[PDB]
Amino acid sequence: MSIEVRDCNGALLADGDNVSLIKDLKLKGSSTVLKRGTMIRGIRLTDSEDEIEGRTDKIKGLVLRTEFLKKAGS
C-alpha cells in the first residue's frame, strides 16, 4: 500500500498534517472564492493520492485535490 500524497511541490502529507493554498481557488457553491494563503491544517489522506481531506476556518471536513496545496509549516 503506497498512497503517498504530496503537495504541489512534493512534500509528503499524512493524517494530522497541514497545508495551505498556493493560489486562489473558487468554488461554485454560493460563489466561494478561496484565496492564496488560506491555511488548511489537520488534513488526512484519502482513497486518493491526489486528494486529501482537511478543514478550514469556515469549511471543515472538505476533500480537496492537493495539486494546489502546499505543505505548511516546513
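The coordinates are above.
Draft legend 1. Local environment of unusual backbone geometry. With a phi close to 60°, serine 30 is a non-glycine residue in the positive phi region. Within the secondary structure layout, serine 30 lies in the loop between β2 (25–27) and β3 (32–34). With a relative accessible area of 79%, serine 30 lands in the exposed category. The phi dihedral of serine 31 falls on the positive side, at around 55°, and the residue is not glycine. Note that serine 31 resides in the loop between β2 and β3. Overall, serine 31 belongs to the exposed group, its relative accessible area being 53%.

Draft legend 2. The nonpolar core, seen in detail. Among the nonpolar cores identified, the biggest contains 11 residues, and these are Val5, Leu13, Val19, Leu21, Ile40, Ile43, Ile52, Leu62, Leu64, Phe68 and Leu69. Of all the secondary structure elements, the ones that give two or more residues to this core are β1 (17–21), β4 (39–45) and β6 (60–65). In this structure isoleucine 40 touches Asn18, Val19, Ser20, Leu21, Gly54, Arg55, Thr56, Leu64 and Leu69, once residues within four positions along its chain are discounted.

Draft legend 3. Structural context of the side chain of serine 20. Examined against the element boundaries, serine 20 turns out to sit in strand β1. Given a relative accessible area of 14%, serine 20 falls into the buried group.

Draft legend 4. Summary view of the pairing of strand β5 (residues 51–55). Where burial is concerned, the two faces of β5 differ: the one with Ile52 and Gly54 is buried and the one with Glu51, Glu53 and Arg55 is not. Two elements, β4 and β5, share two bridges in a ladder whose sense is antiparallel. What sits directly across from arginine 44, in β5, is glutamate 53. Counted along the chain from β4 to the antiparallel partner β5, the turn is five residues long. Sheet topology places β5 next to β6; five bridges connect them, and they run antiparallel. Across the sheet, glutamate 51 pairs through a bridge with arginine 65, a residue of β6. Where β5 folds back on β6, the antiparallel hairpin that results is connected by four residues.

Draft legend 5. Representation of the sheet that holds β6 in the model. One open sheet holds the five strands; their spatial order is β6-β5-β4-β1-β7, and the pairing between them is antiparallel. Edge strands, defined here as strands with exactly one partner in the open sheet, are β6 and β7 (69–71). Neighbour to neighbour, the strand axes of the sheet diverge by 45° on average, direction disregarded.

Each value, and the rule that gives it
Residues numbered from 1 in each chain as written, not as in the entry; some residues may be left out. Heavy atoms only, no water. Helix = DSSP H or I, 4+ residues; strand = E, 2+ residues; numbered from the N terminus. Buried < 20%, exposed > 50% of the residue type's maximum accessible area, 1.4 Å probe, protein only. Core = buried A, V, L, I, M, F, W, Y, C linked by side-chain atoms within 4.5 Å. Contact = heavy atoms within 4.5 Å. Pairing = 2+ DSSP bridges. Axes fitted to C-alpha atoms, helices over the stretch in contact; angles between N-to-C directions.

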